[PDB]
Structures are given as C-alpha cells and as structure tokens.
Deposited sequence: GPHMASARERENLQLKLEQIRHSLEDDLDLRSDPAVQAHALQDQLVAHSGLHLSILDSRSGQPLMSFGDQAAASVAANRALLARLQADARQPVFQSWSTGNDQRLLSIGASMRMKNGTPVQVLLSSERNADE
C-alpha cells in the first residue's frame, strides 16, 4: 500500500480514536455508543445521502459525509428528477469532484421520496 493510502487510513483511525476516547457518551448504552461510532465512520466515508419530500422538495433526512454534500448540486439534480428525467439520473459536479445519482423511491406507507446519493470521486 502506498504512502498516501496509509496516511489517509491513519487519519481515519485518528477520527475513530477521537470518537472512542474523547466524545464517547458514558451515559449511553453500548448499542447507542456503537451507532455513534457508525455515524463517525460514515461521516468521512466520502458518501452522502439526502432524502427529499416528493411533493415540496423539502429535505426529510440527510446522512453521511459533508465533503460529498453540495446544496447547488442537489438542487440541480432534484430539478432534473422533477422534470421527468429518465431515472436514475446521474450528475457529475465539479467546482471538488462529486458523482451523484438520484431516483424516486416509494416508502412502504406509499410516501414518495426523492433519493439523492452523492460520492466524492
């Protein structure tokens, strides 16, 4: 493994260490503590997920790496989705190089949502 790959995994381990040793909530039970560690692993995974309400376009849920998030990219991708573009819709976004993919999904209760998944390239 290369010098930069090793450097990057060491920086990720340091994020895990900070979560375990400094931020750990002593009041939480182990399953909550485990999910909080999960949150920190996904927070620097290069992946971001936005769930929008199909009716209003308003954000319902947002998870993952802020580094893979962009308000402008997500607005543009939602516009293509609402403009009947063939799904799933792809979008390359460079200002930072993101690849994103969007599609409508239907929750179990029928609630239509727009699902926008972004990735750092």
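In sequence order, the gaps in C-alpha coverage of the deposited chain fall at 1 to 4, 100 to 102, 129 to 132.
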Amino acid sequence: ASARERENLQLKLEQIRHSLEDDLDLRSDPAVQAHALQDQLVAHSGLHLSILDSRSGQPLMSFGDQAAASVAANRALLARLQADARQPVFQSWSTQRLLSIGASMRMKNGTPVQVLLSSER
From here on, numbers count along this sequence of modelled residues.
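Taking only CA atoms, the mean B-factor in the PDB entry is higher for 103 to 111 than for the other of 5 to 13 and 103 to 111.
Note on 26 to 34 vs 54 to 62: mean CA B-factor is higher in 26 to 34. Across 87, 74, 94, 45, the greatest Cα temperature factor reported in the deposited entry is at 94. When the modelled residues of the chain are ordered by their C-alpha B factor, residue 41 lands in the lowest third. When the modelled residues of the chain are ordered by C-alpha B-factor, residue 81 sits in the lowest third.
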